[PDB]
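Here's a solo chain for you in structure tokens, the form deposited in one PDB entry.
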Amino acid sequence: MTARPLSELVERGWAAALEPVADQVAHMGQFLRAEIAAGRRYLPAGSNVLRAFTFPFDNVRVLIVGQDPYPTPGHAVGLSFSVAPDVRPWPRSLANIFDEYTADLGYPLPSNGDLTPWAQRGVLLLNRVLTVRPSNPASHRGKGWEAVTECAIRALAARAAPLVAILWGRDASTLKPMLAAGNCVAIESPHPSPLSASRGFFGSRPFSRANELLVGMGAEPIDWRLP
């Protein structure tokens, strides 16, 4: 977060949708300042923390949920699982996601790990916790992000609009009630995560299944093709 008001930090739709957690967003901005004061660091970069909320709220057709950002410096860029275009090699999680991408859609291996194009086409790459202390996985659990991303997810589900949800950070029995009060929400089950690999993730066909569900709900499919 930051010191600007919600309308200045995130896209119009998202400002309105996250209105009820305006204060909590302000608190997280104050939390991040006080971490720098305490001599601790955070990822991703301040300007990337709410990056997922900078693509139109009205356009989101798919939700992909993760838990925490990458704990390794230079990985986390504020879209779940994405890395900056010059990051090589990819993290294990993204390498696994991309194996499934090639198996499911038949496309070639992406040129890099930048998932911006998915975010542009209305895939919301949301982590439940939007910051982490570097080299310390899950270090910002319970610091207040959970209420923000919960409000994000409940607001997304309350739209009169199609939504498909892919859960890649487990937490099914937490997330599934937030998505159940929606009208046109289909949840991909079961819920392997990228590191489940050959014990459930590979062959889960998340991308093709999302398009079949979208088309069944009267919506356009996602063009998953990365450069």
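For every residue, the number given is its place in the sequence shown, counted from 1. Residues that one form lacks are left out of the comparison. Rigid core: the largest C-alpha set superposing within 1.5 Å between the two forms.
The PDB entry reports B-factors from which the mean C-alpha value can be compared for 142-150 and 85-93; the larger average falls on 85-93. Between the stretches 168-176 and 186-194, it is 168-176 that shows the larger average CA temperature factor.
The deposited CA B-factor of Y70 belongs to the lowest third of values across its chain. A158: CA B factor lies in the highest third for its chain, per the PDB record.
Per-chain ranking of the deposited C-alpha B factor places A37 in the middle third. Ranked against the other modelled residues of its chain, the C-alpha B-factor of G122 as given in the entry falls in the middle third. In the deposited entry, the Cα temperature factor of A210 places it in the lowest third of its chain's modelled residues.
Keep in mind that the form deposited in another entry is missing from the display, and what follows is about it.
No residue in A158, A45, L195, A26 other than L195 shows a CA shift of 2 angstroms or more between this form and the one not shown after fitting the rigid core.
Put the two forms on the same core and the Cα of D58 is off by less than 2 Å between this form and the one not shown. Note on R154 and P194: their C-alpha atoms are more widely spaced in the other entry, a change of at least 3 Å from this conformation. Between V60 and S173, the Cα distance is smaller in the other entry than in this structure, by no less than 3 angstroms.
Residues present in both forms were compared between this form and the one not shown after fitting on the core; consecutive runs of three or more with every C-alpha moved by 2 angstroms or more are 169-174, 181-199.
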